[PDB]
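Here is the structure we will look at.
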Amino acid sequence: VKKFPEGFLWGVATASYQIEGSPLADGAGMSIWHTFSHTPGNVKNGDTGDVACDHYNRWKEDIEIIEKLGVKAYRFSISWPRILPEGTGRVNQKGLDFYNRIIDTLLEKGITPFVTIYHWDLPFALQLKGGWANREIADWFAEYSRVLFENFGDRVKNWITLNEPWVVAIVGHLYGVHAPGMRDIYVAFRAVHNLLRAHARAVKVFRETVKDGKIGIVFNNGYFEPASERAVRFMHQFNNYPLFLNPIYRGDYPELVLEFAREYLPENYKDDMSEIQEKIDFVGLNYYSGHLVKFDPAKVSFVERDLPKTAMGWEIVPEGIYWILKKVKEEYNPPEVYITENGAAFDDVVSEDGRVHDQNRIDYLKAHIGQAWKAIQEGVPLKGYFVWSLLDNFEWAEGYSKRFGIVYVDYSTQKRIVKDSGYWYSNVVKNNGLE
Ligand SMILES: O=C(O)c1c[n+]2c([nH]1)[C@H](O)[C@@H](O)[C@H](O)[C@H]2CO
């Protein structure tokens, strides 16, 4: 048996735009994912977040599902434009009411809330003012954060500033695959820098406002391996937590990041580094996949390997999660770590028996939970693990076509069907580990 520490946090994870629907209900401002997904060509099948899982009306049912599964922590995000429709200034009481009911319900049912302040749904009003490209976002984010702390900090004690700022900056502003859909390398690296400055301003306000809670930040990570026998060192420093943690902990960008991108960063960016080092309480790592990497005249390309893949076409590489856990301890030694996301998309079918027999997702989860256990044995301070996702949801530019839930969602009726994964996971949580 692989048993976890006493009081280890077993959780599930969602994001506001991915599950809620009703993006303009009760005075909410538009977000950039609303305008981006309503632009033809940007999202698979013309899918948008207009309805999604209808969690905006079905929130109680979904929480009752979390409770019924015995899952102990729920990671969810707040939609900035529900709270402040123009991004700054006016506060919308109905948006606060929405998350207040979610928060109180979780606490009643003994589920611990983990709130992601920013999970990609920037108010459109602020995008008009440049969004992450604008230095003033540090102030706009700080004021948004202050609102959340004041309203919810009496009850929510675990906070995440940003979800995957690498994706926000690079996929949003260089690849243009995500909102706001831009393809400018200089904008993209100014967004990296501003995401850091905004994160740090939010931490600073947190210390002044919620004197008994904890705050951290979440990164996407890949397990990169070299094709022959440096481009791997780069991918780690650039795609993984070092891009942000080197500034946070060491006061500058990683070495290979500066080699590639010094010219794209603002000229006096080092002026902001002392503020950027605002102390954080934990590091959240997301992990999904491994990649084989070769040098190639960003001077990097991926080499496809055989290996089982998910419906995303992501190579299943469970040892990556142990690696990334060991490497973060080794490189930055954060006091606490969480796996804030881990999961897989598979082509899920409801059998005639009414169940979803996702043995592939179970194999995926079990393999990665084992590897996280190992890192705990070898001393990594991992305090929690979060499955992405509770529900099948809007998977960004893939639309509804990728299913990550441990609960199946039938979109034509909004019926939730717990998958074999969910039941299996429920048992892991109950036992506090693998049997
Ligand atoms: O780092 C990643 O690969 C990654 C995967 N995911 C994410 N980041 C985001 O945090 C979620 O909003 C996604 O829906 C989820 C599944 O694609």
Side-chain angles (χ1 to χ4, degrees), residues 11-20 31-33 36-37 43-44 47-49 52-53 55 74-80 114-122 160-172 175 177-179 195 216-224 235-236 238-244 283-291 302 309-318 320-321 323-324 328 338-348 361 364-365 368 385-407 409 421:
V12 294
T14 58
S16 49
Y17 192 78
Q18 284 184 279
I19 66 172
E20 287 171 2
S31 77
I32 64 175
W33 268 96
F36 188 83
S37 75
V43 181
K44 195 177 314 305
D47 287 352
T48 80
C53 302
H55 174 96
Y74 179 43
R75 175 171 176 246
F76 64 102
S77 77
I78 290 170
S79 166
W80 190 341
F114 270 66
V115 175
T116 309
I117 299 174
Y118 186 72
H119 202 129
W120 305 4
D121 51 349
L122 184 77
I160 295 161
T161 54
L162 309 170
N163 182 68
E164 305 184 350
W166 179 90
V167 180
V168 173
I170 302 312
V171 183
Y175 298 164
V177 162
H178 287 176
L195 279 159
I217 174 160
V218 159
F219 314 108
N220 58 285
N221 310 266
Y223 180 41
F224 308 104
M235 288 302 282
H236 177 63
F238 176 51
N239 293 245
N240 299 343
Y241 63 78
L243 183 59
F244 305 89
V283 174
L285 303 175
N286 300 347
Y287 180 83
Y288 291 83
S289 181
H291 304 268
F302 299 121
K309 298 182 174 60
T310 72
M312 299 300 289
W314 296 344
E315 291 156 20
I316 305 183
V317 189
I321 206 169
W323 184 89
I324 204 76
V328 75
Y338 292 78
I339 293 294
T340 38
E341 284 179 36
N342 177 244
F346 290 114
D347 300 305
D348 301 304
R361 187 172 289 96
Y364 182 103
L365 296 173
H368 290 83
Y385 171 94
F386 285 83
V387 181
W388 182 270
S389 184
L390 182 68
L391 304 157
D392 293 343
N393 58 236
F394 174 89
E395 173 58 33
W396 310 113
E398 296 303 308
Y400 299 102
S401 86
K402 304 286 182 264
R403 297 193 179 262
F404 275 94
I406 58 171
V407 175
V409 174
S421 263

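Both counts, for ligands and for their atoms, begin at 1 and track the order of listing. Sequence positions, counted from 1, serve as the residue numbers for this chain.
The nearest heavy-atom contact from the protein to atom 17 (O) of ligand 1 is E395 OE2, 2.4 Å. For atom 11 (C) of ligand 1, the closest non-hydrogen atom of the protein is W396 NE1, 3.5 Å. In terms of protein heavy-atom proximity, atom 6 (N) of ligand 1 is nearest to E341 OE1, 3.5 Å. If you check which protein heavy atom lies closest to atom 5 (C) of ligand 1, you get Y288 CE1, 3.3 Å.
Looking at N163 against ligand 1, only its side chain comes within 4.0 Å, counting heavy atoms. By the criterion of a heavy-atom distance under 4.0 Å, neither the backbone nor the side chain of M312 is placed next to ligand 1. With a heavy-atom cut-off of 4.0 Å, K402 does not touch ligand 1 at all.
Atoms of ligand 1 found under 4.0 Å from any heavy atom of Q18, numbered from 1 in the order shown, are 11 (C), 12 (O), 13 (C), 14 (O).
By the 3.5 Å distance cut-off applied to N or O atoms, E164 is counted among the residues near ligand 1. Considering backbone and side-chain atoms together, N220 places no N or O closer than 3.5 Å to any N or O of ligand 1. By the 3.5 Å distance cut-off applied to N or O atoms, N221 is not counted among the residues near ligand 1. Ligand 1 has no nitrogen or oxygen under 3.5 angstrom from a nitrogen or oxygen of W314. An N or O contact shorter than 3.5 Å is missing between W120 and ligand 1 by distance.
For the ring pair (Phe, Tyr, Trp, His ring centres under 6.0 Å) criterion with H236, the lone passing option out of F224, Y223, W323 is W323. Screening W33, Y17, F36, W166 for a ring pair (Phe, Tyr, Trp, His ring centres under 6.0 Å) involving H178 leaves a single residue, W33.
Between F404 and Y288, the ring planes lie perpendicular to each other; the angle is over 60°, past the 30° to 60° tilted range.
Inspection of the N286 and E341 side chains reveals an N or O donor paired with an N or O acceptor under 3.5 Å. A donor and an acceptor atom, one from each side chain of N163 and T116, are nowhere located under 3.5 Å apart. There is no side-chain donor-acceptor pair under 3.5 Å between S389 and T14.
Salt bridge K44/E395: absent, no basic N to carboxylate O contact under 4.0 Å.
With ring centers used as reference points, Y400 lies under 6.0 Å from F394.
Proximity of a side-chain donor or acceptor of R403 to a complementary backbone N or O of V409 within less than 3.5 Å is detected. No side-chain donor-acceptor contact under 3.5 Å links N221 to the backbone of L285.
Ligand 1 has at least one atom lying under 4.0 Å from a heavy atom of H119.
Nearest to atom 15 (C) of ligand 1 by heavy atom, out of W388, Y287, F404, is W388.
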